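Notes to accompany the following structure.
Don't worry about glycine lacking a Cβ; one is built from the backbone with ideal geometry, like all the others, and counts go over all protein chains shown. Values in this text are rule-based calculations from the coordinates and carry no lab data.
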Amino acid sequence: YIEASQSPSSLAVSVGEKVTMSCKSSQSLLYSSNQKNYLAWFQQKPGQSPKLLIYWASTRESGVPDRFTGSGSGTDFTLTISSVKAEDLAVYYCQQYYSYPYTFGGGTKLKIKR
Amino acid sequence: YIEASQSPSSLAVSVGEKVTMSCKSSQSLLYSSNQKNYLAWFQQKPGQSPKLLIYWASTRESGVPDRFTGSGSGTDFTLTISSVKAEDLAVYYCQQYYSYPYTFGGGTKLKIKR
Amino acid sequence: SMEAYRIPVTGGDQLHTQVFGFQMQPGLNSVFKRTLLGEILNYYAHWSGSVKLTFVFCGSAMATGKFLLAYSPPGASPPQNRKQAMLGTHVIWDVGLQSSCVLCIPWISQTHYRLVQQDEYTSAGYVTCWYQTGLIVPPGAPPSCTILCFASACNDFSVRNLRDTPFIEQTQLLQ
Amino acid sequence: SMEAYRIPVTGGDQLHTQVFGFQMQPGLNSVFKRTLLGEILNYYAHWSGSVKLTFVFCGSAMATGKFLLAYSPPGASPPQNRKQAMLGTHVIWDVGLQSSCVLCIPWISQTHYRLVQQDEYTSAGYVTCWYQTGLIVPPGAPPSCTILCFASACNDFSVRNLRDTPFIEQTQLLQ
Amino acid sequence: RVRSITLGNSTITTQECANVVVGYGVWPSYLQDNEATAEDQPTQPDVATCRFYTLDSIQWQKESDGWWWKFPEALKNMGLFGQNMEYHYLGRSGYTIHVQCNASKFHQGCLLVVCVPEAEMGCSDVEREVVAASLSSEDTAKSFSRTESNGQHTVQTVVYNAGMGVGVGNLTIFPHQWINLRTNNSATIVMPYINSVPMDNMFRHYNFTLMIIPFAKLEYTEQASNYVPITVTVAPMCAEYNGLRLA
Amino acid sequence: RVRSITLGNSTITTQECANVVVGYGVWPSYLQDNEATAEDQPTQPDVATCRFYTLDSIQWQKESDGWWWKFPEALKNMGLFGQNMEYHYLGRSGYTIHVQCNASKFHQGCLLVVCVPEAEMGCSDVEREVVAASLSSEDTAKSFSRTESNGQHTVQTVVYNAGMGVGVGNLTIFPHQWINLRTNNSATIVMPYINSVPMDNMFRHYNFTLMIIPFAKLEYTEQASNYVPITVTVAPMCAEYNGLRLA
Amino acid sequence: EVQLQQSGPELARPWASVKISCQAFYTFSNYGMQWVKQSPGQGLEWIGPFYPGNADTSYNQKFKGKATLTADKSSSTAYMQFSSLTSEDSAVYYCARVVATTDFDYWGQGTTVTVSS
Amino acid sequence: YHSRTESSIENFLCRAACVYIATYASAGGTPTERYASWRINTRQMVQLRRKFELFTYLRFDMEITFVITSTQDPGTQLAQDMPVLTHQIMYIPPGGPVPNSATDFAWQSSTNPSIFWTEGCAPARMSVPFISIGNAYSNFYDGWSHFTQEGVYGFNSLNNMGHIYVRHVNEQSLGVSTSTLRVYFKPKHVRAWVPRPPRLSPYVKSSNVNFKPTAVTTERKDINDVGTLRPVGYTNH
Amino acid sequence: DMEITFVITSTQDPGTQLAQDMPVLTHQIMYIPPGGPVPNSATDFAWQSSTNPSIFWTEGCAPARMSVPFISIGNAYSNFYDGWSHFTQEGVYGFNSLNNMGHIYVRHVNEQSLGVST
């Protein structure tokens, strides 16, 4: 089993402030033959189906706004949003699809500060 | 591909009235060697993860209240609730797990009549 | 109607669609139970042997094409597309070089005698035919053809336990 | 319980006490009537032959001791102490040199056929085992052991007058 | 003194000079042309079926009672033998069972290893019937019991009746061997194919049952190993299966 | 007149008396003890590799230009050959290519069937480089083009340069055959293994390329079949692979 | 942006078989179908993947020996069988589909399996 | 390569079959109720007809066994003690006199073999050889009786086998004694020629080969519809 | 091989309308092989089947006897069978279909108008 740890707490910041988050993986997530990082940052609207933001940590998913930028190489994995929104309330995971099993992240609520 | 058709419309009845529904399958769903009907009636709370009510059409899932009773043998498949509730709002599917693919049903909203 | 016997082969452009397919169970399958072989076998409770199939192409002498005949063993599943059929046991039949194709379905069974009144579906074997290519004709020939299928006995059979046939129903005496 | 088969051999200091003892009457004695030999013999009204006994010492490979196996003829009395057993027919069995001891009880009878349903107590012969010495073990081995006894047929037997067994009781028909 | 055996070129085993019991007097062999009630000539897989399949070790303790394995089910997940069980329909094979204990000179005990053909077993509730899950696991030993079982669909497990309703003391009638830790340390049994038909389905029929039963309980001193490990090894001999090709 | 061939006992094919072209004069054969740069003796699978693998038919029309297949990639998903490609590391095999058309006496045309060894191909943009997806599909023919291609990572497909940058009229230098519908109806080419090393990886190296190019366009009358079907069949000959067992 | 449906949420009973189906809108070659467990107390936990075009079915060790999976590629319906059903296994089962060897692109609709004993 | 000995003509056609069940009284009544008659033919029992009409020509010997069971009859003046019942069974060859009533003169004809049978013994049996003018029996005959191309169609006079007539020998003064006859028929030393396709349509007439049009087989769902299918499982993963 | 002997003893039955003089009682004994038709009532058609050997026996003679050979598909009868009927490892446990021996059915041939005869 291979898991990954997200930030200790939620964002807990004001609306309209750029947020930076990191995902600490418990093992290497780079395949040296292909130089590919097998991890993605997810997003689940409460009550609906989840949906990720960026896969491979360097290729933003089509249809995703330019505010989300995923980075991080090797075990570490980060993400940045230059404009946090009050209508983007969800639970942020950093899921890995490297090898069995496909373990999720830790969770990150978008709380209220206003 | 093997699919199944639910009732043409929703329940659209009053609260507290027993509801009977049927699921018309496009092919046989009985394996004569085991006499097992491979179909289940599902339930998805809007915004959360789905969850079925009865599997095998004759064995109610543990933890499910005694109001739901699934029936139907062969291609037809029915279900009955002796007490419909206003807090059970969901989308009712009749999903089949007989063979590839595991196709869902048609959907059934619990609308408002009050 | 007489259209029961004629297997239709359409021209146009059929990519890799299936021409026909059935299950190898004489005496019990709806296809075979009314032929000479099946109706002889129905008189006997136990039987076993190998079954010979012949395919004949009734079409214009100017028509050219290929078909793939695939046979799956008793314990397997019928092929779903052409590639799966190719990877199994298959024969490629060309209707330009040759007009008739023979295929001798063998007998591999755990016991030594099958039964007419047995519930052994998906345990009898399947035979399917696939469009390896299309049917190509010159200007003036018909674009569609027919395949005729013959089934009969091979050298080795055994029958046991004679019993009444199920095809006759009435027990009344005539007059 | 499973403790029926295990003959207990205790350590400590047993002066000359008796280990076990029984009477040689298969088919009727409570000890033998439920083994293979006794249950075969129970089917026949008349029987005769010689009975073979094997004793096996289940104990530590570091245990040492002796036992005295005494056999008395049909008309005699069982020995009461070790000295009387020695003066009769006996064999001294050492569990250090050897692990199993065989003993073939013979057949001397006035007629030529004994009976299962006979009242011939104290006329069948006795076999007893006595503590010639104690059981000596080094530091680390268990102080107590077990003896297992096997009984079977010898080369010569005769059986006559087949009859119903008494072990089955009910004459009711099942269902 | 010691001897090494190499079957399948992938398995190595070591034994000492010990007595071997050849079944009912006959040795496993292929099917001749004399006996048959089928047509297709059997295919004979021997490249990988004939190799040592070592099952997991078990612990013999003071209060243990005995164990049984159902064959051929015990080799359902064991490599290529399981694949041949799944892919084919009819089958025939004899076996060679090796049982080895590892006890010092300061332990004591006595084991009986038997091979019972067609060991049909009863139920705990005399009215109901047993199920397939309580008869045998895949390759895990099923334990006997000292006392009386009271389940609904569970095999009666009183040790002294052996689950078959017969006296446990008379089990010596079947092919068997005694492992007395005082003298012996291993047992070998060669079991041929015994049935009333030349071939049968592997998943339907339980050919036989291997039972290990201690008559003399294990005893030892305080500063000693609390258990004795028992290792069982199976190597199929002369396996056959039906044919999958047209005549 | 007609001849039937049965390879692998599962494949049947029919041919008429026609000329056959044996590669560069040599016939496919196994590896002798003379040539080797490895140690483990190759395993020789022949039970299932040597059978006819009929590829899908293609339609020859009036405005068609030509097609090519890359070998051995064309048999990646083809039964047991693909399994041996995946499971092993090194490989060697020759092939036998049958090409058959089905046209009446009222059609006309002329085809060239060639086998180009090491047919390296250029790109549409002379600065960039080709990718593995544009060179060849699994077992689907890649078409040539009448006009100039303008993609970024696509092979140049002008027919008269053949993608290799050489005049298409001089392709006869390679093993080849002419299918003139007026006289001939089929072609056969036996191609041995040609490389500078005795063994190589199947997924890395494209051994050769099969090209079918019409020089005389197809013509017919209104009441006739709009196309002519072309069928290609491949049967591997003398396949070898490395060994998976310890010395 | 392709939709995705399932059998539907049904109120079941303990120790009663509940098959959660899932519809499809794609092909069946080297792709993957699987599920998760949506429970706030237990977070998100996968249950088992199914691979069309690969003939591979696996289960988690937390449900190994308890749950089984089956599917029919032609029928476009995939089963996820379950045995010895408990009352706390209730979750909004999401059907996840992957058209790639390693990804998570399209998510399900949502179905509930809560029971009452 | 197993045995075929069970499919031979002898082992296929020499099975005894019940071909007639009748009853007759032993006392006053309508005369036609006091004897039992049967014309020997193979065209009334459909199961035996379907077996004989696989071949165009047949040649065999007949073995006929009669099972006779009698019981008392309710009414008035019941018999308190009757000695025994005796039955007369007469086989009439083609062209012999045929009784039109019980107690007739044809019952005492010297050309008709008869069996006198008493209650309590083994069932009576007789065997008739191949009695015909031609060299074979013919199941199917395409032609007419007269050469004028008119008459009865499909009738051949070369395959007559006679009649069987059974009555009570005893004359009963007290009460009635109903009896029941069963006839068991068996061919022996069978020889068959010119095999034919077995029948598809149901029989409509014993004398004719008339029929209703019937479908050549049982319907199927589709041309590429193999029989049923199997669900996903542990093997199918 | 099986050897079966039948001992049949009949007596009059108390009641009204006793038979003053009855000729003789005849009994029919039928052995049905495995798979043959089995009567569901007296005076049925299965009683007259040509595949079922029958014995007709009159009062006063020696007891009727028949002998059946080893009639089975396998090569032996099996007293103990460890296994199932179907290969799904489910069904009836301990049942083998290879050791069926048939049925025996006995009835009265005569039709009695006066009284009963047990």
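For F:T172, the label point sits 7 Å beyond Cα toward Cβ; its separations from the matching points on the remaining copies run 9.5 nm, from shortest to longest.
Say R0 is 25 Å: what FRET efficiency, to the nearest 0.05, do F:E120 and A:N34 get from their beta-carbon distance?
Approximately 0.50, to the nearest 0.05.
Think of it this way: in chain E, E:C17, E:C50, E:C101, E:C115, E:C123, E:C238 stand alone, with no other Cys Cβ under 4.7 Å. Per-residue mean of foreign Cβ neighbours for C:30-40 is 3 (Cβ atoms of other chains, 10 Å radius). Distances between copies at E:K62, taken between label points 7 Å from Cα along the C-beta direction, are 10.0 nm in increasing order.
With the alpha-carbon atoms of the range I:13-86 aligned to their principal axes, the span from lowest to highest coordinate is 59, 28, 27 Å, starting with the largest. The percentage of C-alpha pairs in chain B whose separation is greater than 23 Å is 24%. Judged by the ratio a/c of the largest to the smallest principal axis of the C-alpha gyration tensor, the range E:2-241 counts as oblate, that ratio being 1.5 or greater while a/b is no larger than b/c.
In this structure, the residue pairs whose Cα-Cα separation is over 20 Å, taken from A:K36/A:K85; B:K51/B:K113; B:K45/B:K111, are A:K36/A:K85; B:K51/B:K113.
Dipole size of chain G about its Cα centre, with +1 on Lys/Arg Cβ and -1 on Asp/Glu Cβ: approximately 320 debye, rounded to the nearest 20. Considering chain I as a Gaussian network with a 10 Å cut-off on Cα pairs, which listed residue, I:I32, I:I73, I:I104, attains the greatest mean-square fluctuation? Comparing I:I32, I:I73, I:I104 in a Gaussian network model of chain I, the most mobile one is I:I73. Among residues of chain F, the one whose Cβ lies closest to the rotation axis carrying chain F onto chain E, together with that distance rounded to whole Å, is F:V47, 7. Mean partner shielding of peptide E:219-227, defined as the number of other chain Cβ atoms within 10 Å of each residue Cβ, is 3. What number of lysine-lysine pairs in chain E show an alpha-carbon separation below 22 angstrom, given a sequence spacing of 8 or more or placement on distinct chains? Close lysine pairs under the 22 Å cut-off: 7. When chain H is treated as a Gaussian network with alpha carbon springs shorter than 10 Å, the biggest mean-square fluctuation among H:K212, H:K186, H:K221 belongs to H:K221. List nothing, just return the count: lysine pairs in chain H, 8 or more apart or interchain, with Cα separation under 24 Å. Close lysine pairs under the 24 Å cut-off: 5. Considering only the Cα atoms of the range F:34-80, their convex hull presents on average a projected area of 6.0 nm². Inter-part distance, the range C:5-19 to the range H:88-148, computed on C-alpha centroids, equals 63 Å. Rounded to the nearest 20 debye, the dipole size of chain A about its Cα centre is 300 debye, using +1 on the Cβ of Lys and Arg and -1 on the Cβ of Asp and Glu.
How many partner chain Cβ atoms sit within 10 Å of a residue's Cβ in peptide H:216-227, on average, as a whole number?
Per-residue shielding by partner chains comes out at 6.
Estimated from helices alone, the mean residue ellipticity of chain D at 222 nm is -1500 deg cm²/dmol (sum of -39500 (n - 2.57) over DSSP H runs with n ≥ 4, per residue).
Semi-axis lengths, largest first, of the ellipsoid equivalent to chain H are 43, 27, 19 Å, with √(5λ) applied to each eigenvalue of the Cα gyration tensor. Label-point spacing for E:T183 across the identical copies (point 7 Å from Cα in the Cβ direction), in nm and ascending order: 9.3.
Highest mean first, the peptides F:175-185, A:59-69 sorted by other C-beta atoms within 10 Å per residue fall in the order F:175-185, A:59-69.
From the alpha carbon centroid of the range F:202-229 to that of the range C:96-156 is 31 Å. The charge dipole of the protein assembly as shown, taken about its Cα centre with unit charges on the Cβ of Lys, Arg, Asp and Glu (plus for the first two, minus for the last two), comes to roughly 1400 debye. How would you classify the protein assembly as shown from its alpha-carbon gyration tensor, with a ≥ b ≥ c the square roots of the eigenvalues: rounded for a/c under 1.5, else prolate if a/b is greater than b/c, otherwise oblate? Because a/c hits 1.5 or more and a/b fails to exceed b/c, the protein assembly as shown counts as oblate. As a rough guide to protection, the peptides H:162-168, I:41-47 ranked by mean Cβ packing within 10 Å, highest first, stand as H:162-168, I:41-47.
Among B:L52, H:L78, sorting on how many other beta-carbon atoms sit within 10 Å of each Cβ, with the fewest leading, yields H:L78, B:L52. Loop-resident GluC sites (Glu not before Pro) (DSSP state other than H, G, I, E or B) in the range E:86-133 with no more than 16 further Cβ atoms inside 10 Å of their Cβ: E:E127, E:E129.
As a proxy for reagent exposure, F:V197, C:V31, C:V137, A:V84 were ordered by neighbouring Cβ count within 10 angstrom, fewest first; the result is F:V197, A:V84, C:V31, C:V137. For the residues B:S82, B:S33, B:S25, a GNM of chain B with alpha-carbon springs under 10 Å puts the largest fluctuation on B:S33.
Expressed per residue, the C-alpha convex hull volume of chain D stands at 147 Å³. Per the rotation superposing chains D and C, the chain D residue found at the smallest beta carbon distance from the axis is D:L162, 37, distance in Å.
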